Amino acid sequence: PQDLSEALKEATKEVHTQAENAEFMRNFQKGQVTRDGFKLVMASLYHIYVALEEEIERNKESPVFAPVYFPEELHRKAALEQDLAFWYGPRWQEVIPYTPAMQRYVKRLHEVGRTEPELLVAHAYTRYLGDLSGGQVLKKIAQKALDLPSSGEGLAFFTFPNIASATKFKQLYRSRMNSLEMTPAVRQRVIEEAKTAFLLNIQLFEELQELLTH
C-alpha cells in the first residue's frame, strides 16, 4: 500500500504467524514456559537490544533514521540489565549464554547499522512495535506461569515507563515512519529486511527449543 507502515504490516503478516506458530512460542502462549526457557529468552533480548541500540545511536542524526529516533520512550538495554541481574544473579555478565543463533541476529544488526543504515528502521520496527504490542500479552502469561517471588524484579523489560499510551505512541511511530523519504527500490529492501528480522527471530526460537529439550 501507500503508507510504509501499512506496507510493512501487510508484508510481514505471513512471517508473523510463522513466529506465532514456532514450537517455543506455541508453548509460551499456552502458558507452558519454564524458568530455564524464560531465562534464555531474556538473555537473547539483552544481546539483541545492545546491538540495535548501539547502531541506533550511530545513525540517530541521519536522515534515514532521525524521524524514528525515540531514545527515552523506547530504550530497553537498562531494563534488560536489571532483569538479568535478577534471573542470573550479580555475576550475570559472566554466565549469560551467547549462542550462535543470537550471534547471527546481532551480526545482521551491526551490518545494517554500519553499511546499510537506511534499513535500520526495519529492525527498530520489528522489535519495538512488536514488543510494545505483542509483548504486552506475553507479559501477562509469563508472570502467571513463572510463579516468582514478590521481589519486585525480573520483568522490567515488559514495561515502557516513558510511554503513557501504547496505542497513541504506536500511531505516532507509524506517522514518523511514513515521513521517511526513500526511493521505491529502498522501500522494497526495507520491506524485505523486516521479513529478514522475523526470520532471525524464528531461527532463534528454533535454537532455544533445541537447547531445552535434552
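One-based numbering along the sequence shown. Note that the rigid core is defined as the largest set of C-alphas that superpose within 1.5 Å between two forms.
Asker: Do the Cα atoms of 142 to 150 or of 59 to 67 sit farther, on average, from the shown structure in 6 other deposited structures of this protein when the rigid core is superposed?
Answerer: Stretch with the higher C-alpha RMS distance in 6 other deposited structures of this protein: 142 to 150.
Asker: When the core is superposed, where do the C-alphas shift more in 6 other deposited structures of this protein: in 108 to 116 or in 128 to 136?
Answerer: Once the cores are fitted, 128 to 136 deviates more in 6 other deposited structures of this protein.
Asker: Quick check: 146 to 154 versus 51 to 59, which has the larger average CA B-factor in the record?
Answerer: Per the PDB entry, the higher value belongs to 146 to 154.
Asker: Highest mean C-alpha temperature factor of the two stretches 82 to 90 and 113 to 121, which is it?
Answerer: Higher mean C-alpha B-factor in the PDB entry: 113 to 121.
Asker: At the C-alpha atoms, which of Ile163, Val186, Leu40, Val68 reaches the highest B-factor in this entry?
Answerer: Reading the PDB entry, the winner on C-alpha B-factor is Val186.
Asker: Where does the C-alpha B-factor of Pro97 rank in its chain, lowest, middle or highest third?
Answerer: Its C-alpha B-factor belongs to the lowest third of this chain's values.
Asker: Can you work out whether the C-alpha temperature factor of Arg127 puts it in the lowest, middle or highest third of the chain?
Answerer: Its C-alpha B-factor belongs to the middle third of this chain's values.
Asker: Lowest, middle or highest third: where is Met177 by C-alpha B factor in its chain?
Answerer: Ranked within chain, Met177 CA B lands in the highest tercile.
Asker: Is the Cα B-factor recorded for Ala194 in the lowest, middle or highest third of its chain?
Answerer: According to the entry, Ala194 has a C-alpha B-factor in the chain's middle third.
Asker: Mind checking which third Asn21 falls in for C-alpha B-factor across the chain?
Answerer: Middle third, going by the recorded CA B-factors of the chain.
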